[PDB]
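Q: How does the following fold in three dimensions:
(chains A and B)
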Amino acid sequence: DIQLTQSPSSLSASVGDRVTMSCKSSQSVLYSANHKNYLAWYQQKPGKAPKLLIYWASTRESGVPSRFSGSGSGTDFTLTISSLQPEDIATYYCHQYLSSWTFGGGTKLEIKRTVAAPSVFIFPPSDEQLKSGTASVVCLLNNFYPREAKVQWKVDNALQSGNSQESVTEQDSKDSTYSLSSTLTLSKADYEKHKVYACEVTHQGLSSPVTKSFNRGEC
Amino acid sequence: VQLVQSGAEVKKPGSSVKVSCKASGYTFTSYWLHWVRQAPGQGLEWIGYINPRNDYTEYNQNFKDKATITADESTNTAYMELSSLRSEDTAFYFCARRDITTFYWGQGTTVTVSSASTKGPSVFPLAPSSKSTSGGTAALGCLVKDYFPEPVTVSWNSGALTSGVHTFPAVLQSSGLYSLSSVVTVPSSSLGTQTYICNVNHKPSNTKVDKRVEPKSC
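A: Residues are numbered from 1 along each chain as shown, chains lettered A, B, ... in the order given. You can find the structure just below:
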């Protein structure tokens, strides 16, 4: 029914910045009986329930830091964070409760920092896994910013597809970097069929792609 | 004055699940109780609500053939039941109520729908070497592979080592089994002159493994 549009979908800002995000409703959420705007703002950390920041568009929750404030009336609302702090890395949601509940799409907020190239590490499969009949090669990208990075696996210079999987940590609260871990998995017989195992890493902090590589049998 | 939801659920496709939301510290029939879904990496989606005073219910159109919300004033407990579970039902489920002064959300309940069955992981070393060294920094870790369901917990040196330890989010493999890596950033000088042990626990399979990670010379 009443749709909510949040913008931007993502925000990057330095600690201490003033930050604003907007929420616009398809219809007015200002109720005629009490002249109250049925709009709330939430902060949500991963794996956790959303935490209420603002209710009735402008009333701040009791325990919430005074750096958070809400403004607007009718169909256009704004959440402002006066001085961005490192603990504010989260996804922010607007929520209208005038009619049946609807939510904005969220604003993912991250800390902006100096570009940092990843340290690239590679781990050959262990003797224990090989005894079991499989070989996993792990490529590690440590403490880089920004989050966008490309990891390509190459076996004897052949690009690999459909045999690897990666995961990225949440942004670190101390140095505002990300880390990424990628596992390439082959059967032991297929692993023993090739010599060079390499992960090629592309990142804004790298003037050229970096390759971490090893030869089967060398470790 | 809090809403307490039942624990994590792992279900096979085709089964049903009923999650509970206990309300305490207020009058249970005085406020509508809502349910909200959040699929992994996605936003918040309203499921429906119940008026516990007269058992009146309304649902999001998208959940009409999936969710049934009930309540019991006599036990001050609300329920949300999901029928004929499928993989797309894997999500976070919250109960939430609105007061005059504030909102109260439950802590959330994960529902994981998978055909896979319980399995303990193998813990393989991620051996440090020149291939995992840069300057005065070396990386080592443990690969915790092929387990179900979540979660696994990893400590290093029985909890005595926390600096430079980061555990990555698990990845769901095509087999339907999770895999996770836990790594540690250490001074390169400590390789060979410091013992590193990863302690892996998977309680669903009663798996407990302590793996020494020893350096390789390459």
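
Q: quick one: what helix or strand has the most centrally placed residue in chain A in it?
A: Centroid-nearest residue in chain A: residue A:170, 6.0 Å away (criterion: CA atoms, centre = their mean). Assigned by DSSP states H and E, residue A:170 belongs to neither a helix nor a strand.

Q: Roughly how far does the nearest residue to it once chain neighbours are set aside sit from residue B:41?
A: Take residue A:170 and drop its neighbours on the chain: the residue closest to it by CB to CB, 6 or more residues apart in numbering or on different chains is residue A:46, 6.0 Å away. Every C-beta, even on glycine, is put in place using the N, C-alpha and C of the backbone. Counting by CB to CB, to the nearest Å, the gap from residue A:46 to residue B:41 is 10 Å.

Q: same question, residue B:215
A: Relative to residue B:41, and taking CB to CB, residue B:215 is found at 37 Å.

Q: So which of those two has more stuff around it?
A: Neighbour tally, residue B:215 and residue B:41, criterion other CB atoms under 10 Å in any protein chain shown: the higher count belongs to residue B:215, 20 against 6.

Q: per the record, what domains does chain A have?
A: A:1-112, A:113-219 (curated CATH domains).

Q: wait, I meant chain B
A: Domains of chain B are assigned by curated CATH domains as B:1-111, B:112-218.

Q: Ok, which of those comes nearest residue A:21?
A: domain B:1-111 (14.0 Å; CB to CB).

Q: And the closest one, end to end?
A: In domain B:1-111, first residue to last residue: 25 Å (CA to CA, to the nearest Å).

Q: Can you confirm whether that domain lies near chain A?
A: Yes: Domain B:1-111 reaches chain A (CB under 8 Å from any CB of the partner chain) through B:34, B:36, B:43-46, B:49, B:58, B:60, B:94, B:98, B:102-103, B:105-108.

Q: Please name every helix or strand in contact with the biggest helix by length in chain A.
A: The single longest helix within chain A, with elements called by DSSP state H, is helix A:127-132. On a contact count with 3 or more CB pairs under 8 Å, 6 or more residues apart in numbering or on different chains; DSSP states H and E, helix A:127-132 meets strand B:122-126.

Q: List the strands paired with the strand it packs on, with their directions.
A: strand B:137-147 (antiparallel) (DSSP bridges).

Q: Residues in contact with the helix or strand following the strand it pairs with: which ones?
A: The helix or strand immediately downstream of strand B:137-147 is strand B:153-156, counting by DSSP H and E. Outside strand B:153-156, the residues within contact range by CB atoms under 8 Å, 6 or more residues apart in numbering or on different chains are B:142, B:144, B:162, B:165, B:167, B:180, B:182, B:184, B:196-201.

Q: check contacts around the closest residue to residue A:146 other than its chain neighbours.
A: Spatial nearest neighbour of residue A:146, chain neighbours left out: residue A:204 (6.4 Å); criterion: CB to CB, 6+ apart. If you count contacts by CB under 8 Å, 6+ apart, residue A:204 has them with A:115, A:146, A:148.

Q: same check, this time on residue A:91
A: A:43-44, A:106-109 are the contacts of residue A:91 under CB under 8 Å, 6+ apart.
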